[PDB]
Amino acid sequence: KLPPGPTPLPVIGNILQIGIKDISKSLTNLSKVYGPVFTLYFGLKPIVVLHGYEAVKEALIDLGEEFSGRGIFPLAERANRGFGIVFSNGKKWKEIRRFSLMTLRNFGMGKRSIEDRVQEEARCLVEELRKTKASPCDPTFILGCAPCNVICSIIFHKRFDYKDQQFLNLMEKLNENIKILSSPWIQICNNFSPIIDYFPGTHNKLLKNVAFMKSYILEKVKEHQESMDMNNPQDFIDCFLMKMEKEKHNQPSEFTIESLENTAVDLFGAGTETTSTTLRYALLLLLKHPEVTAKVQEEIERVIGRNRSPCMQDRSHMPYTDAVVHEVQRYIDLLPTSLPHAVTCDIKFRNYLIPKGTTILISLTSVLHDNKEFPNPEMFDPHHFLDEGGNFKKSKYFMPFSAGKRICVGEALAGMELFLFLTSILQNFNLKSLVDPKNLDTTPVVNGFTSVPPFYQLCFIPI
């Protein structure tokens, strides 16, 4: 049988009982009644929730292959999203993911490293920040340009000037779609309608925005097909075309210009908003806890100095800053329920039997805010990742990127972006708040499955 859960109602299941304001809090409430594994019904669609480290670990890690599916919902069909990496399944997923991970290794695309691309972007970021001339600033836009440009550089090999209008169009389309996708109407309510789409104009805008991006990618790809040097692949496209070559004699192949376009859009989608938000939240928490910022700066001064860019090598000698980055991630809990999973076959879990294809919802919040691993999990405190001697203290509960076979492809990349961008900023600036560090609230603003920071402004004061 399935795991227990609140008795669903006829037809609507458990829908009218789950506080949609903050699904994560609701799942936690439920776990207080039904335990670490329970079922909920969306219509007659069951969804098994895993809550707590032990349950998430055995599912995602111990029974990893069985829980490597991506749970699909009507929205997947409606915004054409099952044809790259994030929303794919089976062989298509495995091959594209595998290829993607290899291509994204630090030196996976030629002599120019991922680190180098990030470092260059950090340089540009500091520059654009300087241009604010220390005036009040809503850093949303600037912080979003950086991670986006890193993807551009990884995919097209070229970064854009922050005012190159083709760059500005890309970001606009991305931002638009993200905002749309973040509406509870689109995340929740539209998914009740199994066969009929109630927001047709919206799904049309989404697709239109994608079309524009794919059509920009297509042009870059033609240019790349032209100046193809087989022995010197320089970006994700070069690599993807070279994989295509090895595939000839392997029809049909998972690698096609279509899947390339789709994969590249996924990278843009997955690689630019979460990192960008996490950067934005970090500055806010640093404004709120200036003593933390000061220590990060003391480590930057001592280990890196002022005569050179930060680099990944410096991280191991900067336990405190490392602890800070980790803590930001843990505290903010950006993807409280990760992305939905689905079992790939009939499976026995604990004392229950979960049928193949059943949707699985993982509570990352439950792990990240584990009250024993992280006393006072609701408070921001770098000491959560530090030992008595001030050394960095790793945690099995550090899962902001999820865990298992579906773990974030960008785990390493995001790590580099956070560390390098944050160190760079604080190497060249002090942060000044408009209001008083005692007044601003840093509590995340939850809306359905989304969790973001509140609005704020600051001044980047050159050192």
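Numbering starts at 1 and runs along the sequence shown.
For the pair 101-109 and 351-359, the mean B factor over Cα atoms is greater in 351-359.
Higher mean CA B-factor, judged across 433-441 and 58-66 from the recorded values: 433-441. When the Cα B-factors of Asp333, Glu121, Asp161, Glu273 are read from the PDB record, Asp161 comes out highest. The top Cα temperature factor in the record, among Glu298, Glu219, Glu378, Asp266, falls on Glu219. For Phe73, the recorded CA B-factor ranks within the highest third of the chain. Only modelled residues enter the ranking.
Ranked within its chain, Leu40 lands in the middle third, by CA B factor from the PDB record. Placement of the Cα temperature factor of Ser215 within the chain: highest third of the modelled residues, per the deposited record. Among the modelled residues of the chain, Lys179 sits in the lowest third by CA temperature factor in this PDB entry.
In the deposited entry, the Cα temperature factor of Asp346 places it in the highest third of its chain's modelled residues.
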